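Working notes, beginning with the structure itself.
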Amino acid sequence: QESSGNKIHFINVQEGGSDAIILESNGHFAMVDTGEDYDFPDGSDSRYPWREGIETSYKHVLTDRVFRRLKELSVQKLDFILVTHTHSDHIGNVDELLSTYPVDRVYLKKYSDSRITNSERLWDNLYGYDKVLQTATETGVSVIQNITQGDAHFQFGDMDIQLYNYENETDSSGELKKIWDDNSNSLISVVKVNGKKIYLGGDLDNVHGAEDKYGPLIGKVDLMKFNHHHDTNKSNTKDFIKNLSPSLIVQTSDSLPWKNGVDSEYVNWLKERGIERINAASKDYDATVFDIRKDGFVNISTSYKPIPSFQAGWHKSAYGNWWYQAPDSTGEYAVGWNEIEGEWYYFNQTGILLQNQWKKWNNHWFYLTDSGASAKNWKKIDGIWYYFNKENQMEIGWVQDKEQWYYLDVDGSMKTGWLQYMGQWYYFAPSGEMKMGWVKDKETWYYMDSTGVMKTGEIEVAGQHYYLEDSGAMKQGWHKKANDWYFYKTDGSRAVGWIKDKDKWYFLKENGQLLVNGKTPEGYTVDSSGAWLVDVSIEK
Ligand SMILES: C[N+](C)(C)CCOP(=O)(O)O
Ligand SMILES: [Ca+2]
Ligand SMILES: [Ca+2]
Ligand SMILES: [Zn+2]
Ligand SMILES: [Zn+2]
């Protein structure tokens, strides 16, 4: 007849892989996935702990591109948002979209962290999933989580849409069947219009037999979105592509088909088949766009406005805060940790630079200085010395720096004075360094060995002898070792020959032992205490 047109916009990545797809049909708009969003959980909420691999790079955020395309299309409302799975690069902008546009319904299969067998593949799935459910209820939007056969087949404008892999698969106890990764759970969408079929399968893989199962059921299509961006290890199996036999494959990725490197053999196998393969990646246009005509798909991408220019660098908001647009971005702003000209800066999820504050991140403490730059090496904060390692983490415990040892307390604060560490005693200077050798604390001397350990008992250093008491304190004056008396001088050193103590003269032998009841080398007499009997005449 005469509708206003049928189009599909695959939002272009800057790099990496992410799915956001706009369906346009006779003035109706809907989305299949929504791309990566700026937002992410920082670990401050125990429900959504920080996990290695959660996306924080502006290079992977599709938010600007999604909302620019919708605005450029004069979208007033979305008939539906379909979410294929809970990965941030698919579900990311759903809540932002629900906050921005009226939405009639969201398709969202059940998820829980428990149904994923691998701890290492949880990331921020639940955070993204909860955002959809929470924001949908807050904006009045029905979430279809229990898709019936009836639900699975519906009209959208001129488009006929059929879903596959839509059921929640459960065990005897009604809890979700376990899978290796949420990719296996991908909600499949097949779109029919103007005699053309388009397959849209999110990150579908064959680990739990999904490609084996749905290949034969889906059958011949024209345009196939590649499953899972670029992967050929577990997705896009030969049987699946033979079953669908597309003339055109669109990858939502800047990468070639990939399996530990370019999968050149798979690339060639696709060519031998006459399949056209296109990457939805661009620095210049928000989307790879096809006009879906009876006589074929027309690439109309460049018929839209190019991405606007931007001024790179640091920018100051109206409220005095800082945000940043990297010169290698296409306008997307920095969030989370970002290395900028040799310093590390942390930006919150809305893109604001944090300054002059402690920040806990992935179980370590960081201090963001005046400029925002994370502290490195010694830093004095609120009157206390702290030490930050080469990775900006506040150190605790023993730290070696510039050929000296330091100890940082449990709260990061530098230790000075006495420390009992692992059953032994150490002493740190007021400037923090662990002291070796002779150290004066208050009005007592102590002797620490080469490793800083306070010594006890008799010692010899540089030809002189000292006695350290059990507490470590250097002895001064009289000391009995076994059956002999010794005298330690003011400097601690063991005396030899004649010494004067308390107006009496005492003779210490070669070996430091006190002569008692006998004659000195010159023939003087000493009493039982070793004191010289002054009245007794010299006698040789
Ligand atoms: C969630 N994630 C983006 C960190 C992992 C990658 O997800 P996927 O697109 O490879 O399935
Ligand atoms: Ca995100
Ligand atoms: Ca979001
Ligand atoms: Zn993905
Ligand atoms: Zn995925």
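Order of appearance sets the numbers: ligands from 1, and atoms from 1 within every ligand. Residues: numbered from 1 along the sequence shown.
Side chains of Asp182 and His87: no donor on one and acceptor on the other come within 3.5 Å. Side-chain contact of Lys283 with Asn12: a donor-acceptor pair under 3.5 Å is absent, judged by distance alone. Side-chain N/O atoms of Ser186 and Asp203 include no donor and acceptor closer than 3.5 Å. For the residue pair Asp130 / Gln134, no side-chain donor-acceptor distance below 3.5 Å is found, with atom types taken as modelled.
Within the protein, the N, O or S atoms lying under 3.0 Å from the Ca ion (ligand 2) are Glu36 OE2, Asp37 O, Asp37 OD1, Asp39 O. Around the Zn ion (ligand 4), the protein contributes the following N, O or S atoms at distances under 2.8 Å: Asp89 OD2, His90 NE2, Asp203 OD2, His229 NE2.
Between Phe156 and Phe80, the gap from one ring centroid to the other is short of 6.0 Å. Between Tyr58 and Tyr324, the ring centre distance reaches or exceeds 6.0 Å. Aromatic pair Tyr214/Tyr199: centroids not less than 6.0 angstrom apart. Centroid-to-centroid, the aromatic rings of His229 and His90 come within less than 6.0 Å.
The minimum heavy-atom distance linking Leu122 with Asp113 is given by the pair CD2-O, 3.4 Å.
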